[PDB]
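Student: Got a structure for you, written out below as structure tokens; questions coming shortly.
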Protein chains: 2
Amino acid sequence: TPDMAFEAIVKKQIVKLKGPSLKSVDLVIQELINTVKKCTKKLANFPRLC
Amino acid sequence: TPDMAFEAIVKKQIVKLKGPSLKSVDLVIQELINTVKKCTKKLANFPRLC
């Protein structure tokens, strides 16, 4: 049985993890940018600084 | 298990049949040339023809 056929199919499946993985980074970026905006409401009294 | 490893070894073995096979042709050539020389003893009476 083709050793390389196994590898061929797997490599297809592994590549499919790029989507949900990049998405994850974005979901983190979202929570991070939300948090810096949450914190900086305590500095709102200074418009140019915030 | 490597499908190609099997093929690799066999091809080696088949190649080894060229020797005994060519030798066989010569062994036939030998008996053939012997036979024309046997037959032509009946024509020995004519030196230039034989």
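The chains in the structure tokens are called A, B, ... from first to last as shown; in each chain the residues are counted from 1, and the ligands are counted from 1 in the order shown.
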What residues in chain B lie within 9 Å of chain A, counting only C-alpha atoms, written as a PyMOL selection string?

Tutor: chain B and resi 1-3

Student: When all Cα positions are paired in order and chain A is fitted onto chain B, what RMSD is left, to one decimal?

Tutor: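 C-alpha RMSD, chain A fitted to chain B: 0.1 Å.
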
Student: Within 10 Å of residue 49 (chain A), counting only C-alpha atoms, which residues qualify if same-chain residues fewer than 5 places away don't, as a ChimeraX atom specification?

Tutor: /A:40,43-44

Student: Suppose you want the space between CA of residue 38 (chain B) and CA of residue 26 (chain B); what is it in Å?

Tutor: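 Going from CA of residue 38 (chain B) over to CA of residue 26 (chain B), I get 18.1 Å.
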
Student: Please run DSSP on the backbone and report, as JSON, numbers by chain, all residues within chain B that come out as alpha helix (DSSP H).

Tutor: {"B": [3, 4, 5, 6, 7, 8, 9, 10, 11, 12, 13, 14, 15, 18, 19, 20, 21, 22, 23, 24, 25, 26, 27, 28, 29, 30, 31, 32, 33, 34, 35, 36, 37, 38, 39]}

Student: In Å, with one decimal, what is the gap from CA of residue 15 (chain A) to CA of residue 28 (chain A)?

Tutor: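 Going from CA of residue 15 (chain A) over to CA of residue 28 (chain A) covers 21.4 Å.
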